[PDB]
Participant: 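After the structure tokens below, expect a handful of questions from me.
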Amino acid sequence: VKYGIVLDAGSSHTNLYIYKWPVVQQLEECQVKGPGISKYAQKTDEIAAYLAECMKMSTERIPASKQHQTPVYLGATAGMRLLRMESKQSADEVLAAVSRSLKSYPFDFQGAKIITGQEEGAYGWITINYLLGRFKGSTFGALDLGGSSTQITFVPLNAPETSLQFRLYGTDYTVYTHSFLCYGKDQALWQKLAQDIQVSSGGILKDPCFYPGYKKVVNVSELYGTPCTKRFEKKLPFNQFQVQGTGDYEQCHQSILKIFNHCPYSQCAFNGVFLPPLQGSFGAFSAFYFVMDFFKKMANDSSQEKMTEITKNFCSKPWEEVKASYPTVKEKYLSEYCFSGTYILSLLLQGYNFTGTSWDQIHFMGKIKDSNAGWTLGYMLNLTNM
Amino acid sequence: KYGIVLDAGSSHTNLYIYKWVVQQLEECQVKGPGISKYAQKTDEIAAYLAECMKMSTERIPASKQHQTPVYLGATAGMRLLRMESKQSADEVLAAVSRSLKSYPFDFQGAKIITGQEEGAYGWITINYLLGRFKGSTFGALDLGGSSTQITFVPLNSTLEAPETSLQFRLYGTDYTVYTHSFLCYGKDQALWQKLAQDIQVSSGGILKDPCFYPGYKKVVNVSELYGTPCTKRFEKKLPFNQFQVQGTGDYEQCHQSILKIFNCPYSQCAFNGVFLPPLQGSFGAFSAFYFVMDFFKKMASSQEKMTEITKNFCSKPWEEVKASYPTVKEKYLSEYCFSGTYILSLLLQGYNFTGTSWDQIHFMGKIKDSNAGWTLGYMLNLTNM
Ligand SMILES: [Cl-]
Ligand SMILES: [Cl-]
Ligand SMILES: [Cl-]
Ligand SMILES: [Cl-]
Ligand SMILES: [Cl-]
Ligand SMILES: [Cl-]
Ligand SMILES: [Cl-]
Ligand SMILES: [Cl-]
Ligand SMILES: [Cl-]
Ligand code: NA
């Protein structure tokens, strides 16, 4: 039996996966407590301890004899793309600190790098299609959404810059992939606040994307701390402000549409980016999954008309009610949900154009065959040549 | 070694033969308009391409021929055709392919390149040719019938990061290049936008126009005018099949009326809500920037100067003008007042080359007996240099 370890260093979490193979399977997953590694830009010496728990789990989990032969990879995504954008130097320092830390365990260190969006979207499409056994025919589109970027990867029926050719089990595949940096659910929220905060705000932001009675305090330097808001930057007369929920789905939608900008093609995603016509089935995972899943589970674990209605209803539940109603859910997720859901609906319908007949062809999944839908398996695959 | 690239633009298809530093060996302009005009009559494509293709088989030694790659890259003319009919565009591309496939070269594809792939390659093309990769680089302004690109590195590094951005690692340097392509902002499509806008229902079937010389007349068919996606936003029910353009030959007013077919979340934009970073460093403007500005230059430097020259030229009656320049094709000559004024607004208001910035632009036809154009830049890619 063989083992491999891949760390998915995304902008909200670093997730470590252990794979094994006598078909390859996920043996275990570990979520590193804390945010993504880019938040370590100053305090890179703390990275070692940050990674310690998930790394110790792996040394306790893989037999000692198999350990020096076991490869270890870190692939970083949009969070780190943004950090690099801000400071090449910082991003490098973070990657090096990660490296020193992983190098020290008794595994075969294989590199820490920022993978491209074009790679990432590809690999996740591989992971899913592998997992469904759809490589044992015709295939599933891959929709990914994290804190910072969102990807879409699928095969259309017979704009080269954007495509990938790839031969896999005797078949040559042309796969459309694209990554919208700044369009993960969190960066969108930033974009939306930046844009909506006027100078006259008073340090108070009434917002329809959050529940009546929610309050959250937001720091201007953090908010302008990311490249995704450079475009809305103003010099502000206060060093922070407080978001106040008005919980109105209508308006929150309206206001979410504003962070997206005619199209030079047959049809587009948004921002002038080409999108081919929709084709076949899709699996929507990560934030897509977790968010939709929370809403689905108020619809007897349905349609776009019904999902929208569920969200409108939910967004108006006062905050105290929402908390009390879902007491076992982390306050940090629970608060995002009205925004996230509203956001996800728009991204799929106006964004990826999943309107009309197209809506039901999306199947939301966390795991296939007890293995996480993500890109790290795909990355694993190509990397092992298994 | 040799390679061939066809530049299928909206007015002309141009074939380039490169050989190898890489040099243009020869160029051939295919007679007729661009391939999109073949949408119905795709079987005619073969003969249309025949002259320039035979030239190449006569030109490259036979032994070198099977090893020689051949590419066709199509630009905004074909983007517009695809926008009207996916199917048509595909049929055109296929007909082109069957035709090219039949020659004894190494057929490497016929495709519509993106405005960014377009702005990219052209920017690469000039910097290669100016020996710039060794140092730092020049901006690229390209203008054609249907579209206009602008491509340059801003000081900022990443700032706006909107996907108006590329990476291009090139002989050891990773370059963050801003590039955009304004579809329908080529000189011709901008002309038709302007007519389309300014035509009033009441008109009688005559459009008085100040971008044309006193005494200029041209008859324009309404179904051609509305036949492009670019005047879609301007369509109106008109009580006539055609109308006549009549120059009143006034630059002031031409400028006025040109501005109107232009419309910003950002610190700054180009036009129409599209981001543009701060202008930075120097630029080579080419294709129609060069063929039009060079014409005016030859009636002499500075921008107030090129303005005075265009105001004056726009007043010369059409009979005078045609007599003054008898060796020029009436099809180009008749457009110059408009193009000059256009170019001047595009550079100054669009791209903000106002004041001080102006003199950073060097218009250029060709560097080292090689054309400014995307094609050579493509060529260096299509041999992973
Ligand atoms: Cl991160
Ligand atoms: Cl992400
Ligand atoms: Cl994020
Ligand atoms: Cl409350
Ligand atoms: Cl709960
Ligand atoms: Cl054409
Ligand atoms: Cl063009
Ligand atoms: Cl044109
Ligand atoms: Cl002459
Ligand atoms: Na859309």
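Just the heavy atoms: all of them, side chains too, but no hydrogens, waters or symmetry mates, feed the values below. Per chain, numbering begins at 1; letters A, B, ... match sequence-line order.
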Participant: Does one side chain, of B/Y18 or B/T375, offer a donor that lies under 3.5 Å from an acceptor on the other?
Facilitator: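 Yes, B/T375 and B/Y18 have a side-chain donor paired with an acceptor closer than 3.5 Å.
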Participant: Looking only at atom types and distance, does a side-chain atom of A/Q191 sit under 3.5 Å from a main-chain N or O of A/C182, one as donor and one as acceptor?
Facilitator: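 A pair under 3.5 Å: yes.
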Participant: Does any N or O in the side chain of B/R79 come within less than 3.5 Å of the main-chain N or O of B/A74, such that one atom is a donor and the other an acceptor?
Facilitator: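 Side chain of B/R79 to backbone of B/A74, a donor-acceptor pair under 3.5 Å: no, none is there.
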Participant: Ring centroid separation for B/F353 and B/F283, is it under 6.0 angstrom?
Facilitator: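 Yes, close enough.
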Participant: Is B/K111 salt-bridged to B/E117, cutoff N-O under 4.0 Å?
Facilitator: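 Yes, B/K111 and B/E117 are salt-bridged.
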Participant: Indicate whether any N or O donor in one side chain lies under 3.5 Å from an N or O acceptor in the other, for B/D250 and B/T248.
Facilitator: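 The answer is no; no qualifying pair exists.
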Participant: Parallel, tilted or perpendicular: which one describes the rings of A/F270 and A/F260, with boundaries at 30° and 60°?
Facilitator: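 If you compare the ring of A/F270 with that of A/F260, the planes turn out perpendicular.
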Participant: Between B/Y171 and B/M385, what is the shortest heavy-atom contact and its length?
Facilitator: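 Looking at all heavy atoms of both residues, the shortest contact is OH-O, 2.6 Å.
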Participant: Is it the case that more than 12 heavy atoms not belonging to B/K305 sit under 6.0 Å from its NZ atom?
Facilitator: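 No, because the 6.0 Å sphere around NZ of B/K305 holds 12 heavy atoms or fewer from other groups.
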Participant: Tell me if a side-chain donor or acceptor on B/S339 pairs with a main-chain N or O of B/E335 at a distance below 3.5 Å.
Facilitator: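 Yes, B/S339 side chain to B/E335 backbone: donor-acceptor pair under 3.5 Å.
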Participant: Nearest 0.5 Å, please: how far is CD in B/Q256 from OG in B/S345?
Facilitator: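 With rounding to 0.5 Å, OG (B/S345) is 9.5 Å from CD (B/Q256).
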Participant: Could you go through the side chain to side chain contact (heavy atoms under 4.5 Å, CB included) check for B/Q24 and B/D369 one step at a time?
Facilitator: CA-CA 7 Å; B/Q24 189 182 302; B/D369 269 318; over 6 Å; no
Participant: Any chance you could lay out the side chain to side chain contact (heavy atoms under 4.5 Å, CB included) test for B/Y351 and B/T148, step after step, and finish with the verdict?
Facilitator: CA-CA 11 Å; B/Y351 302 160; B/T148 177; 3.0 Å; yes
Participant: Got more than 12 heavy atoms from elsewhere within 6.0 Å of NZ, A/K235?
Facilitator: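 It does not: A/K235 NZ has 12 such atoms or fewer within range.
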Participant: Would you check if there is a donor-acceptor pair between the side chains of B/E320 and B/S324 at a distance under 3.5 Å?
Facilitator: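 Side-chain D/A pair, B/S324 to B/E320: present.
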Participant: As an exercise, state the distance from CG of B/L279 to CG of B/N352, rounded to the nearest 0.5 Å.
Facilitator: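 Separation between the atoms: 6.0 Å.
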Participant: If you round to the nearest 0.5 Å, how far is CD1 of B/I35 from CG of B/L81?
Facilitator: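 Atom-to-atom, B/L81:CG and B/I35:CD1 are 8.5 Å apart.
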Participant: Taking atom CG of B/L225 and atom CD of B/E235, what is their separation to the nearest 0.5 Å?
Facilitator: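 Going from CG on B/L225 over to CD on B/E235, the span is 8.5 Å.
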Participant: Can you check whether B/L80 reaches B/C230 side chain to side chain, under 4.5 Å on heavy atoms?
Facilitator: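 A side-chain contact under 4.5 Å exists here.
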Participant: Hey, could you give me each pair passing side chain to side chain donor-acceptor pair (under 3.5 Å) that has a residue in residues 30-39 of chain B? Not counting sequence neighbours.
Facilitator: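 Counting only pairs at least two positions apart or across chains, no side chain to side chain donor-acceptor pair (under 3.5 Å) contact touches residues 30-39 of chain B.
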Participant: With a 6.0 Å cut-off (strictly less than), is the heavy-atom count around NZ of B/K218, excluding the residue itself, greater than 12?
Facilitator: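 For B/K218, atom NZ is not crowded (no more than 12 foreign heavy atoms under 6.0 Å).
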Participant: Do side-chain atoms of B/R132 reach the backbone of B/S136 as a donor and acceptor pair under 3.5 angstrom?
Facilitator: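 Yes, the answer is positive, given that a donor and an acceptor are paired below the 3.5 Å cut-off.
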Participant: Is the closest side-chain heavy-atom distance between B/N263 and B/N272 below 4.5 Å?
Facilitator: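 Sidechains of B/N272 and B/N263: in contact.
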Participant: Report yes or no: does B/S334 contribute a side-chain atom to a donor-acceptor pair with the main-chain N or O of B/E330 at less than 3.5 Å?
Facilitator: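 Yes; judged by distance alone, with no hydrogens or angles, the pair exists.
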Participant: How are the rings of B/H362 and B/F138 set to each other: parallel, tilted or perpendicular (split at 30° and 60°)?
Facilitator: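 Judged by the thresholds at 30° and 60°, the geometry between B/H362 and B/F138 is tilted.
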Participant: Has B/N221 got a side-chain atom pairing as donor or acceptor with B/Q242's backbone, closer than 3.5 angstrom?
Facilitator: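 It does not hold such a pair.
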Participant: Compare all side-chain heavy atoms of B/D198 with those of B/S257 and state whether any distance is below 4.5 angstrom.
Facilitator: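 A side-chain contact under 4.5 Å exists here.
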Participant: Can a donor-acceptor pair be found, under 3.5 Å and without considering hydrogens, that links the side chain of B/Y121 to the backbone of B/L380?
Facilitator: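 Flag not set: sc B/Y121 to bb B/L380 has no pair under 3.5 Å.
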Participant: Just by distance, with hydrogens left out, do B/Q197 and B/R233 show a side-chain donor and acceptor under 3.5 Å apart?
Facilitator: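 There is no such pair between these side chains.
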Participant: Could you report the tightest heavy-atom contact between B/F363 and B/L347, atom names first, then the distance?
Facilitator: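 So the two residues come closest at CZ-CD1, 4.1 Å.
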Participant: Which word best sums up how the rings of B/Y378 and B/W374 line up, parallel for under 30°, tilted for 30 to 60°, or perpendicular for over 60°?
Facilitator: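 Judged by the thresholds at 30° and 60°, the geometry between B/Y378 and B/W374 is perpendicular.
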Participant: Keeping to residues at least two apart or across chains, list the side chain to side chain donor-acceptor pair (under 3.5 Å) pairs with something in residues 306-318 of chain B.
Facilitator: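 Every candidate side chain to side chain donor-acceptor pair (under 3.5 Å) pair involving residues 306-318 of chain B fails, so no pair, neighbours aside, qualifies.
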Participant: Taking the six-membered ring where the residue is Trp, are the ring centres of B/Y336 and B/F313 under 6.0 Å apart?
Facilitator: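 They do not qualify: ring centres at least 6.0 Å apart.
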Participant: State whether a side-chain donor-acceptor pair under 3.5 Å links B/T114 with B/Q116.
Facilitator: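 On atom types as modelled, these side chains do not qualify, holding no pair under 3.5 Å.
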Participant: What is the distance from atom CG of B/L15 to atom SG of B/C28, rounded to the nearest 0.5 Å?
Facilitator: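 The SG atom of B/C28 is 6.0 Å from CG of B/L15, to the nearest 0.5 Å.
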Participant: B/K322 and B/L333: side chain to side chain contact (heavy atoms under 4.5 Å, CB included), yes or no, with the steps?
Facilitator: CA-CA 8 Å; B/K322 276 199 269 151; B/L333 186 73; 4.3 Å; yes
Participant: When you measure from the side chain of B/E26 to the backbone N and O of B/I17, does any donor-acceptor pair fall under 3.5 Å?
Facilitator: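 Checking the backbone N and O of B/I17 against the side chain of B/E26, no donor-acceptor pair under 3.5 Å is found.
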Participant: Would you find more than 12 non-hydrogen atoms of other residues, nucleotides or ligands less than 6.0 Å from B/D294 atom CG?
Facilitator: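 More than 12 heavy atoms, drawn from other residues, nucleotides or ligands, come within 6.0 Å of this atom.
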Participant: Could you verify whether a donor N or O on one side chain and an acceptor N or O on the other, from B/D7 and B/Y16, lie under 3.5 Å apart?
Facilitator: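 No, no side-chain donor-acceptor contact under 3.5 Å.
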Participant: Could you report the tightest heavy-atom contact between B/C52 and B/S56, atom names first, then the distance?
Facilitator: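 Where B/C52 meets B/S56 most closely, the heavy atoms are O-OG, 3.0 Å.
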Participant: Ring-plane angle category for A/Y265 and A/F274, please: parallel below 30°, perpendicular beyond 60°, tilted otherwise.
Facilitator: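 Aromatic pair A/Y265/A/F274 classed tilted.
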Participant: Evaluate whether atom CD of B/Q29 has more than 12 neighbouring non-hydrogen atoms of other residues, nucleotides or ligands under 6.0 angstrom away.
Facilitator: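 More than 12 heavy atoms, drawn from other residues, nucleotides or ligands, come within 6.0 Å of this atom.
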Participant: Can you tell me how far the CG atom of B/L348 sits from the CD1 atom of B/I343, to the nearest 0.5 Å?
Facilitator: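 One gets 11.0 Å once the value is rounded to the nearest 0.5 Å.
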Participant: Could you tell me if the side chain of B/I150 sits less than 4.5 Å from the side chain of B/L276, heavy atoms only?
Facilitator: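 B/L276 vs B/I150: side chains touch.
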Participant: Strictly distance-based, threshold 3.5 Å: is any side-chain N or O of B/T125 a donor or acceptor partner for the main-chain N or O of B/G377?
Facilitator: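 Confirmed, B/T125 side chain pairs with B/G377 backbone.
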Participant: If every non-hydrogen atom of B/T151 is compared with every non-hydrogen atom of B/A120, which pair is closest and at what distance?
Facilitator: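 Taking every non-hydrogen atom into account, OG1-N, 4.3 Å.
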Participant: Classify the ring geometry between B/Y216 and B/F212 as parallel (under 30°), tilted (30 to 60°) or perpendicular (over 60°).
Facilitator: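 Parallel, since the angle between the ring planes stays under 30°.
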Participant: Would you please classify the geometry between the B/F338 ring and the B/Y342 ring as parallel, tilted or perpendicular, with 30° and 60° separating the classes?
Facilitator: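 Judged by the thresholds at 30° and 60°, the geometry between B/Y342 and B/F338 is parallel.
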Participant: What closest approach, in Å, do B/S10 and B/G145 show between heavy atoms, and which atom pair accounts for it?
Facilitator: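 In this case the closest contact between B/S10 and B/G145 is OG-CA, 3.9 Å.
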Participant: Would you say the ring centroid of B/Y128 lies under 6.0 angstrom from that of B/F133?
Facilitator: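 No; B/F133 has its ring centre 6.0 Å or more from that of B/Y128.
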Participant: Show, in sequence, the C-alpha distance, side-chain angles and deciding distance for B/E118 and B/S147, and conclude whether the side chain to side chain contact (heavy atoms under 4.5 Å, CB included) test is met.
Facilitator: CA-CA 10 Å; B/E118 179 174 274; B/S147 86; 3.4 Å; yes
Participant: Which residue pairs pass the disulfide (SG to SG under 2.5 Å) test with at least one member in residues 271-337 of chain B, sequence neighbours excluded?
Facilitator: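 Those involving residues 271-337 of chain B are B/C314-B/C337.
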Participant: Keeping B/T383 on the side-chain end and B/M379 on the backbone end, is there a donor-acceptor pair under 3.5 Å?
Facilitator: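 Yes, B/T383 side chain to B/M379 backbone: donor-acceptor pair under 3.5 Å.
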Participant: Under a 4.5 Å cut-off applied to non-hydrogen side-chain atoms, are B/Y71 and B/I113 in contact?
Facilitator: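 The answer is no; the side chains never approach within 4.5 Å.
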Participant: Taking all non-hydrogen atoms of both residues into account, name the closest pair between B/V245 and B/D209 and its distance.
Facilitator: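 Shortest heavy-atom contact: CG1-CB, 4.1 Å.
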